[PDB]
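> The sequence isn't on hand, but the structure is:
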Ligand SMILES: CCOP(=O)(Cc1ccc(C)cc1)OCC
Ligand SMILES: CCOP(=O)(Cc1ccc(C)cc1)OCC
Ligand SMILES: [Zn+2]
Ligand SMILES: [Zn+2]
Ligand SMILES: [Zn+2]
Ligand SMILES: [Zn+2]
Ligand SMILES: [Zn+2]
Ligand SMILES: [Zn+2]
């Protein structure tokens, strides 16, 4: 409760400092990295790529990252522990389920799913003893019956442990609204939930509505933009055509309405990516060579240049995260 | 074509002995066993059960089993090795893809998949050095565009290595026919292919047509029957309501038509099963307490009893498999 679980062990809340709330070391699939490492060059190579990128973000002031990769995202905790130790960056691991669960998970009940999330948070991931510090869930527009179950089990495990919940949404379709509804029906406080991929929409009306309820708003894909890369149909589809400035501005808008306390910013960056078109990383790395350092290097100066007080900026990147991540029982 | 790859290393063809061609140590999902072993009691309990069952099969004469679990079936090669060693039964591992691929697989090209299968056969599984001795693929009725790629990649890897291909079909939909077409278009010889779940249809005309063309016919789920358990929907939907005898008789029927050399028999058994309803294992263990010994203990005697010469029985359980498994390069 006074401590947060990292892949290197528990840390005190003051030890977190500047935290990136939605990132990935690798975006893959369960067992993929162990079965076909060469798809990323090799395991060592992906590891070195990640350490370099984490060292650079650390130089920009980043002290902690929350890796929101779930079992189905192909999360490899041993890999997380190893790059964390090498780059000297704290990494918070996650439990929960994304939108590519295999049959062994899709056929489970809410009760069984609750047990699995609890196992990861209390006993540890696999046989490592490494505990999860957050629960990641997802909807892809209108919730499927299984997705519904996932949300309910995420909510029950949160209640029992104090651990927060972070989500993936189809912003455009106001997914946030349905998720809020389910979480509330389980008795979970909005304050323990972050509504993700929210910078993906321009609808300030949707956003302030959730903020007004106590939810945290995840503006985590700032550098995502295919402007110029309109050549590429795949990239255009994933990245979008809104510029990074446009996304960054959403931050200002919310602050302007009195919501600085409910904002969480991130890059939604990764060093490896197999669950997409081949070579999509190359494309991404071209669009954003700063990688995870983008927020500190480009978004912060930028917002300051627009009237946002530095002190306000420190609250969003240091204060908001600490409050969110500290394990809080009802 | 001298040696076959097992989880304990290469064996000579004469060492294979009585072989079960379509089995599983565990039926799961990639990464599941390592992430939630308690689902099976424990990984230790699972190993123990599996060792017991294999010793029982061994007591009955079984010397080798082919575990057709692919990556997406959650195949755990280290688990296989340990149980092989403890029970002293040879186990042949597989590469290929079944019907639950994750995004990282589903977005791959034919060229990309070829490389993954070759990796498993030549380089080995994961970092173990353990090499696959068969390629498993599947269709669930009419092939999806992804499935078609998988079949092409499997045909190409077989062509380069000489390792056989074994399939999963929706028998009632005559899936073997579309699979044959694809394989044939790739230049693959039918004798390198086993059309699985073939005991799931009563349509002998579909089976004889494939047999006539040179394909091997996998009558692999003999003990699967929901007979007397129709009070259970999930069970019945999976095991079917045709009796074990009905299935076994398809064996004699193909023999009677002159295709003994094209027949492969198995139990399609397992010691763990997470890719289905919870508790499915209990139901199965109720239905067939003999586990993988069912073939030797009940099917052989039954068949002998229906007039099949012992000699023919030996050909099917020893001979046919040795020929199918021998890595065979195209002339
Ligand atoms: C075997 C898996 O442990 P468990 O059942 C009970 C358990 C939880 C935490 C610790 C430290 C030990 C044991 O997990 C709780 C959901
Ligand atoms: C996994 C990297 O090995 P490779 O590229 C080439 C390779 C094949 C066999 C052996 C023994 C070593 C290396 O695998 C073939 C597809
Ligand atoms: Zn997402
Ligand atoms: Zn996002
Ligand atoms: Zn993400
Ligand atoms: Zn099958
Ligand atoms: Zn079968
Ligand atoms: Zn099978």
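Everything's here; your move. Residues are numbered from 1 along each chain as shown, chains lettered A, B, ... in the order given. Ligands and ions are numbered 1, 2, ... in the order given.

> Give me the nearest residue to residue A:270, chain neighbours excluded.
residue A:24 (4.0 Å; Cβ to Cβ, 6 or more residues apart in numbering or on different chains). From N, CA and C alone the C-beta is placed, and that goes for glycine too.

> same check, this time on residue A:203
residue A:174 (7.7 Å).

> mind listing what the one you found touches?
A:201, A:203, A:206 (Cβ atoms under 8 Å, 6 or more residues apart in numbering or on different chains).

> Among those, which are located in helices?
Among the contacts of residue A:174, the members found in helices (DSSP state H) are residue A:206.

> among the contacts of residue A:174, which ones are buried?
Burial by neighbour count, judged by 16 or more other Cβ atoms under 10 Å in any protein chain shown, picks out A:201, A:206 from these.

> Distance to residue A:72 for the contacts of residue A:174 - can I get that in CSV?
CSV is the format used below for the contacts of residue A:174 (distance: Cβ to Cβ, whole Å):
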residue, distance to residue A:72
A:201, 25
A:203, 29
A:206, 27
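
> Check the contacts of residue A:174 one by one and keep those near ligand 1.
Applying Cβ under 6 Å from any ligand atom to the contacts of residue A:174, one finds that nothing falls near ligand 1.

> tell me which residues of stretch A:5-14 are tucked away?
A:5, A:6, A:7, A:11.

> Just checking the distance from it to the centre of its chain.
18 Å (Cα atoms, centre = their mean, to the nearest Å).

> do the same with stretch A:230-246
Its chain's C-alpha centre and that of stretch A:230-246 lie 20 Å apart, by Cα atoms, centre = their mean.

> near chain B at all, that stretch?
No: if you take Cβ under 8 Å from any Cβ of the partner chain as the test, stretch A:230-246 misses chain B, and the best it gets is 10.1 Å.

> measure that stretch end to end?
17 Å (Cα to Cα, to the nearest Å).

> list the buried ones in it?
So for stretch A:230-246, counting by 16+ other Cβ under 10 Å, buried means A:235, A:238, A:239, A:240, A:242, A:244.

> Tell me the one of the residues you listed nearest ligand 1?
residue A:238 (36.3 Å; Cβ to the nearest ligand atom).

> what separates residue A:259 from residue B:182, distance-wise?
57 Å (Cβ to Cβ, to the nearest Å).

> Tell me who's in contact with the nearest residue to residue A:162 once chain neighbours are set aside.
Closest residue to residue A:162 apart from its sequence neighbours, by Cβ to Cβ, 6+ apart: residue A:327 at 3.5 Å. Going by Cβ under 8 Å, 6+ apart, residue A:327 touches A:1, A:3, A:4, A:133, A:161, A:162, A:163.

> Would you confirm that the residue nearest to residue A:270 contacts residue A:68?
Yes: the criterion here is Cβ atoms under 8 Å, and residue A:24 meets it with residue A:68 at 6.6 Å.

> which of the two has more neighbours?
Set side by side, residue A:24 and residue A:68 show more neighbours around residue A:68, with 28 against 24, by other Cβ atoms under 10 Å in any protein chain shown.

> Please give me every residue in contact with that one.
For residue A:68, the contact set (Cβ under 8 Å, 6+ apart) comprises A:22, A:23, A:24, A:94, A:134, A:136, A:166.
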